[PDB]
Every structure is written in C-alpha cells, then in structure tokens.
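Two forms, one protein chain; structure tokens for each follow separately as structure 1 and structure 2.
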Structure 1
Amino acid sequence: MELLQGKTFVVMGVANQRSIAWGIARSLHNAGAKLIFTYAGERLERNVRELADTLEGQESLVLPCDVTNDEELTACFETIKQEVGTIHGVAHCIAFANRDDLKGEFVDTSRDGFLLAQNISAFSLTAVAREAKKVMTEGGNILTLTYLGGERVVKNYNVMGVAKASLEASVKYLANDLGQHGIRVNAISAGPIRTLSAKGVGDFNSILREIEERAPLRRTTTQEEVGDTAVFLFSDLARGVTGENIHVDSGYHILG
C-alpha cells in the first residue's frame, strides 16, 4: 500500500462500479495513490462522485472531460495544473463504437461509424497525452487498455478491433515521442471479464466458458488482476518499461 504513495493519477472512463476504470482506481488507491476522476457526461457526474466518495482519505477531485471536445479537454488539465500541480500518470479507459458495427460483417461498416470509433477509442489517447505532458513534470506513465481483437480477428469485434489496432500503434508512436520527456506509455490487453451475474445460456457466457476451458490459467480475467498490473506500470518498478502491451488474459494470447 506504499508502491504509489505520494503519487497522483488521473483516472478516465469511470461510468459505474462495474467500469474497468473503477477496478483500476480501487487498485491504485490501495497502493497509496491519490486519484483524480473525470466524467464524460454530466449524466455520469453523479456516479463518479459517489464512487469517488467511497474512498476514505482525502477528497478526490472530480472534473468534466469530454475527450471529443478539444476545449473541454484543455480546460480539464488546465484545472489540474491550477489546483493539483504535478500528476504522475493517466489511466485512459475510454472506448466506443456504434453497437450495430459490432454485428455483421466488418465490410459493411459505415464511414461515420469507423471515424467515430477511431476518434473516441484511438485518437483520444493522443489528445489526452498532449495535455498530460504539461502536468507530468516528474515523468511517469500513461496507461491505456486494449484487447486481443486489436492484434487478431475476434468474432463480432469488427470496427473496435481496427480502433484498438490504431490505439496500439499510437501507444508505440507516443512512447517514442514522450520517452525523452521522462514519460512512459503502455497498454494492458485484458482478457474478457465476467461482469454480469447470469450464467448458463448466452453468447458472452460461451466466450467465458471457452476461456476457462482453454486458457493456460484455466480461468477468466478479473478487474483486480488488471488493476494490479496497472499498479506495476504506474510504479517506479516499471521505470524501464515503455511501448509495451502486457497481456492480462490468463495466457489466452499465446494459443494457436
């Protein structure tokens, strides 16, 4: 609970307690970190504050930040610079694609749906990194989350797989840009996580079952496993690691 002691991190993408960003936040907090949360819609503002409130210790800052909005993005990190000064990292857990592009054949993806997915799920890392480097005076780490479907074809993942590929290339080109400023850039490729309680029948349940059966560790991924790998990457223990994609997926990525 001291690995991140004295360090401050911005967490993006919390929507509710089931958010992977929230799982990450919990792990960082338990390793001694102070957290700053952003919320996309002032819809989500209520959830983030009450979630942030369940964290004993000093009151976490909670700010608006639409990464699709250049002005709102700059204004957000401007505020962090004013009120907090230096941060030591950003957790970028932002992704979106139109639900109907995750359906049939990728070849029928609309231009708008493609560019929307790229804008929110891929360019947002670069947009955020450009602002974050203004407050990361002591260096640190920028973390993003990806999935195997950005490297290899996963059924129905379609336009999101292409967006995650763009994200993983961005991680590399950002690592090359920002390393000379003392900033590392890394990704965690998380395996599917059981978040719903219903078991038995269902497409996602079939996916999870196949992972339990075939993955090397014979189990699916938890938010806590992802969070604890995030703690490593944000810590000084990872100071030699940048441009890396660490698979936290029970070994599934190694299978042919």
Structure 2
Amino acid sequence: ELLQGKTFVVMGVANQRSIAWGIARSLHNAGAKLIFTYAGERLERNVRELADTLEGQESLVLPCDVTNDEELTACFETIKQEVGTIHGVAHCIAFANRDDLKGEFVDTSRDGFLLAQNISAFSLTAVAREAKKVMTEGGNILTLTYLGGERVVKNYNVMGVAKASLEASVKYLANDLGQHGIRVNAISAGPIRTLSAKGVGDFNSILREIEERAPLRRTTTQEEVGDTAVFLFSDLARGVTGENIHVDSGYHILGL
C-alpha cells in the first residue's frame, strides 16, 4: 500500500471533525505511521484518545505550540530522537482573533494581523525548517488553505490575507527544498463543519450554496481532503511541488 513503512507528522488535530483527523485516518489507512502534535494542554487528552483508536502501536503525541520557538525546536528533536527519520509533515493550523472575522478588513489591528500571519502563515516555514533536519530521505510537506486566500470571501478578512501569505510561502519553500529532495504543496479545501467553522456566516447557507452550485453538487469531506493528502505524500506525487490542489468539489472554478 501507498504509504507502507513511512512516518508522518500530523499537526492540528483538535477533535473528531478536524480536517487533520481525516488526514490522519487516510494516511493510517494507507499504511503510514503517525506522530501527532497538539497546541497547549487543553487537548493532550482529546488527541491521545483519537490516536488510540488507530489499529495498533501507540502513536507519539507531542506538544507543539507553533508560536513558541523552543518547543517547536524541541518537538522535532524528540522526533529526531524517538524516530530518526520522517517522510513528511501535514501542517493543519490556522488562527486569528475571532473579532477580526467579521465587519470590514480595514479595521483589523496590527496585533490582530501579525498574530494571524504568525500562526496561520509563518508556522509553515518554522515547521519546514525543523522538518528539513529529519527528512533525510526527502518527502512532502503539506498545508491546508482556503479559497479566501485567492479571492475575497465575506468575513474571512485577516485570514484571507494570511492564507495568501501561506500559499506564497508554499511556492518559495518549494523552491528552497526541492534540491533537498523535499516537495511542498497545499490542499485548498472546500468549506467543512469543523471547530474552525464555529463562528458566524450562516455557515449552513454557504454549504447549501456549495450543494446547489458546485460542479459535484455536494460539499467536501475531511476524508476527500485526506485521500488527496495520501496522493501528495505518496510516490505518485513525485513530480508535484509548489502546487495547490483544490479539494472543493470544483467550486473554485465558478464565476457569477
């Protein structure tokens, strides 16, 4: 099977609905070994719990608050020490202050802006810099992004700008790391019911809109994202780097 005997770091499991958890399962289903990380103590339990559901042999679960330089750096030392070699990292982390995800992007504070950039965009680069030390056989680094990073999506505001910065980081990191045998890609996922969609929008109204209008006439699932993540980490995706695959039932192609 595609990922037999390879080991991957998964970052961003918060709960059962986490896109990261879809990715975890698809990779596990494809025969991967998994390392999870989680942000801060309010979660160790929900991630270990999930990790444990997976058939057989304990997955490492590590703390990694990506705003913290030394725990990020320690996280990957542990990985260097526990396992030696990984074959990729799935970066599934985003955060902005909730107040910034409503009315007028022009009103966002510089602290708001830089917090979003720091956690939603710069973290990929920080992670990629540690990941590099421990991917001596090469492989793929993946991030998740969203269409609001390319075109304007109401209320996505500062996150849109931080997705744009994320997608551009993908390209430049692809240009740095290719020579070291490492391919960097994104998945642009369609809107999905997650911890991170608990907010506003009348989210239901937007899913309904995807259902009526997306080419595939349905909304996307965390398993659809995770199967495209299996492709990207697999050998099938060798010649693919610097790319953004939309797993969104085709919505991204529409105009009016």
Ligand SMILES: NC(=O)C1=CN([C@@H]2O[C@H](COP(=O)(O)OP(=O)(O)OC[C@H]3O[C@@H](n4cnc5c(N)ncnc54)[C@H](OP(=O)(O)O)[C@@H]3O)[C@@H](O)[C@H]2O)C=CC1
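The first residue in the sequence of structure 1 is number 1, and each one after it adds one. Shifts are known only where both forms have a C-alpha. What we label the rigid core is the largest C-alpha set whose atoms superpose within 1.5 Å from one form to the other.
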Form deposited without the named molecule: structure 1
Taking the rigid core as reference, does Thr54 move its C-alpha 2 Å or further between the two structures?
no
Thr195: with the rigid core matched between the two structures, does its Cα shift 2 Å or more?
yes
What's the distance in angstrom the Cα of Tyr39 travels between the two structures, core superposed?
1.1
After the core superposition, state the residue ranges of at least 3 consecutive residues in which each CA shifts by 2 Å or more between the two structures.
194-202
